[PDB]
2 protein chains.
Amino acid sequence: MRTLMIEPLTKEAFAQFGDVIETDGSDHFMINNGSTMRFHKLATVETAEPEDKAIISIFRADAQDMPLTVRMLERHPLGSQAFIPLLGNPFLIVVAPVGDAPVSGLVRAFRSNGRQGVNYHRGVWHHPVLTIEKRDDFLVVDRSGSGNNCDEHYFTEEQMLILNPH
Amino acid sequence: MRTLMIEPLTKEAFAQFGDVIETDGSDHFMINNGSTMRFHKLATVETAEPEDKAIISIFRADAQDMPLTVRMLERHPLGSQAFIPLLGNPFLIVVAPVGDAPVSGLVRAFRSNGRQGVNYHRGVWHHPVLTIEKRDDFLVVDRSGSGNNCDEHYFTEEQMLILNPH
Ligand code: NA
Ligand code: NA
Ligand code: NA
């Protein structure tokens, strides 16, 4: 068992897991006759087949008791999944690199500053949304289609991680 | 010139133009051990070709001078386009039903309560983002691909409309 280090979310640090949806440090160009800044293609929705559809949902999640014992992680082998804060609240993210099974020693914890969303690449292991506030709203963009799009992996007792935010 | 009636945004009134992305009055089911409410598939991203990709961007738009003279509308013939407020600010929406050209007499104006986003269906005529605050941020989900995905139609002088929120 080991305690996760809560790292500030950044494009460079999160690169192996997906994309960071934010305006800070992001490229853009002008549109609407120069009245709007378009921070273009911060993330791309990936699907297994072109027949698949990208859908938009809203998740209203309640906080989990902390410290949290990370007992499992899930992945979507057939599509990406994006979470974007709607209320400006910071939130937590737990992920592990792609692989047949998430490697406990490679698990990472990130903290969004409230103005950052994330898009988990297809196959990336991650924990169900972890809010900091008692209740929070997230805009979610993911894949809709046939087949298996959710693998769950439960760590052994010794492989469990501890998330202790302060 | 006709002065537009600013109507409150609702699913039923906006149905001809697209979907309203909100939790109020929307269906949902529980996930994550009953800790999260999933307001499922509030909108579906539609594309024209299988090679097309759904992308996520952020628009930082400046307010337009009011009263505003509506003299054009745009449409995306190859895909849908969704706008979701990120700062919880209400905003204005101007649309017209599908057709070779936007019909002035059918143009409608809506006002989001700040907790509502909108997804313009493919082919629906709409006006470039109209913020109420001096500056505002929106999460945008739309189609990315080859071809022409933007038709801008300018109204004649007598077809122009007036948007006067004050
Ligand atoms: Na505690
Ligand atoms: Na997931
Ligand atoms: Na399976």
Side-chain angles (χ1 to χ4, degrees), chain A residues 31-33 35-36 38 56, chain B residues 1-22 24-26 41-48 52 54 59 61-85 89-133 136 138-143 147-166:
Chain A
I31 61 170
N32 304 326
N33 299 316
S35 295
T36 302
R38 174 161 179 142
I56 301 178
Chain B
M1 297 182 276
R2 175 168 79 83
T3 292
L4 291 164
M5 164 73 85
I6 300 173
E7 325 168 20
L9 182 63
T10 69
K11 294 190 186 70
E12 61 275 13
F14 197 68
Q16 192 171 190
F17 314 105
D19 326 279
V20 178
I21 302 171
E22 77 190 325
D24 294 346
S26 300
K41 193 179 64 52
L42 296 170
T44 297
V45 182
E46 61 191 304
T47 56
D52 296 356
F59 279 27
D62 300 306
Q64 297 300 310
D65 287 341
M66 297 289 131
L68 172 69
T69 296
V70 181
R71 54 210 168 75
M72 68 79 70
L73 291 179
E74 66 171 57
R75 71 167 181 192
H76 301 297
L78 305 179
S80 55
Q81 181 171 246
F83 283 77
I84 302 96
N89 294 309
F91 68 103
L92 298 173
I93 299 160
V94 177
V95 294
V98 295
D100 294 320
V103 181
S104 179
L106 296 175
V107 177
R108 310 266 293 284
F110 294 97
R111 179 181 180 290
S112 164
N113 58 27
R115 305 191 305 287
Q116 306 167 300
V118 295
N119 180 48
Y120 301 112
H121 286 163
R122 176 180 172 188
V124 170
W125 293 92
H126 54 97
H127 190 97
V129 64
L130 297 164
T131 75
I132 290 180
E133 299 296 313
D136 204 6
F138 300 90
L139 186 64
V140 176
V141 185
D142 56 13
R143 178 262 187 192
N148 187 319
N149 190 39
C150 188
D151 295 316
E152 291 179 350
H153 184 288
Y154 284 80
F155 288 125
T156 60
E157 193 170 304
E158 70 160 1
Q159 296 172 338
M160 293 179 192
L161 308 312
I162 299 172
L163 180 66
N164 190 181
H166 303 144

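Values reported hereafter were calculated over all heavy atoms of this structure, with side chains retained and with hydrogens, waters and symmetry mates removed. Lettering of chains follows the sequences in order, A, B, ..., and the numbering in each one begins at 1.
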> Looking at CG of B:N113 and CD of B:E22, how far apart are the two atoms once the value is rounded to the nearest 0.5 Å?
Replying inline: 7.0 Å
>> Which residue is it: B:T47, B:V141, B:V45? I am looking for the one with a side-chain contact (heavy atoms from CB on, under 4.5 Å) to B:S80.
In response: B:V45
>> With rounding to the nearest 0.5 angstrom, report the CG to CG distance, B:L92 to B:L130.
In response: 6.0 Å
> With B:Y120, which of B:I93, B:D142, B:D19 fulfils side-chain contact (heavy atoms from CB on, under 4.5 Å)?
Replying inline: B:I93
> About how many Å separate CD of B:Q116 and CD1 of B:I21, when rounded to the nearest 0.5 Å?
Replying inline: 10.5 Å
> Looking only at heavy atoms, which two atoms of B:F155 and B:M72 are closest? And how far apart?
Replying inline: CD1-N, 3.9 Å
>> Are the side chains of B:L163 and B:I6 in contact, using a 4.5 Å heavy-atom criterion?
In response: yes
> Any idea which heavy atoms bring B:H126 and B:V95 closest together, and the distance?
Replying inline: CB-CG1, 3.9 Å
> At their closest point, which heavy atom of B:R122 faces which heavy atom of B:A48, and how far apart are they?
Replying inline: NH2-CB, 3.5 Å
>> How close do B:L9 and B:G117 get, counting heavy atoms only, and between which atoms?
In response: CD2-O, 4.3 Å
>> Just checking B:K11: does its NZ atom have more than 12 heavy atoms from other residues, nucleotides or ligands closer to it than 6.0 angstrom?
In response: yes
>> As a quick check of understanding, evaluate side chain to side chain contact (heavy atoms under 4.5 Å, CB included) for B:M160 and B:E158, giving each step before the final call.
In response: CA-CA 6 Å; B:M160 293 179 192; B:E158 70 160 1; over 6 Å; no
> What distance do B:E74 atom CD and B:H153 atom NE2 have between them, rounded to the nearest 0.5 Å?
Replying inline: 13.5 Å
> Do you know which two heavy atoms are closest between B:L161 and B:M1, and how far apart they sit?
Replying inline: O-SD, 4.4 Å
> Can you check whether B:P128 reaches A:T36 side chain to side chain, under 4.5 Å on heavy atoms?
Replying inline: no
>> So, taking the atom named CE in B:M66 and the one named CD in B:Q64, what distance separates them when rounded to the nearest 0.5 Å?
In response: 6.5 Å
>> Before we go on, tell me: are the rings of B:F91 and B:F83 under 6.0 Å apart, centre to centre?
In response: no
> Does a side-chain heavy-atom distance below 4.5 Å link B:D151 with B:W125?
Replying inline: yes
> With a 4.5 Å heavy-atom cut-off, do B:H76 and B:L78 have their side chains touching?
Replying inline: no
>> Does B:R2 form a side chain to side chain contact (heavy atoms under 4.5 Å, CB included) with B:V107? I'd like the steps, not just the answer.
In response: CA-CA 10 Å; B:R2 175 168 79 83; B:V107 177; 3.8 Å; yes
>> Could you check whether atom CZ of B:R71 has more than 12 heavy atoms from other residues, nucleotides or ligands sitting under 6.0 Å from it?
In response: no
> Any side-chain heavy atom of B:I132 sitting closer than 4.5 Å to one from B:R111?
Replying inline: yes
>> Once rounded to the nearest 0.5 Å, what's the spacing between atom CD1 of B:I84 and atom CG of B:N119?
In response: 7.5 Å
> What heavy-atom pair brings B:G114 and B:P85 nearest, and what distance separates the two atoms?
Replying inline: O-CG, 3.5 Å
>> Applying side chain to side chain contact (heavy atoms under 4.5 Å, CB included) to B:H127 and B:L73, what does each step give before you reach the verdict?
In response: CA-CA 5 Å; B:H127 190 97; B:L73 291 179; 3.8 Å; yes
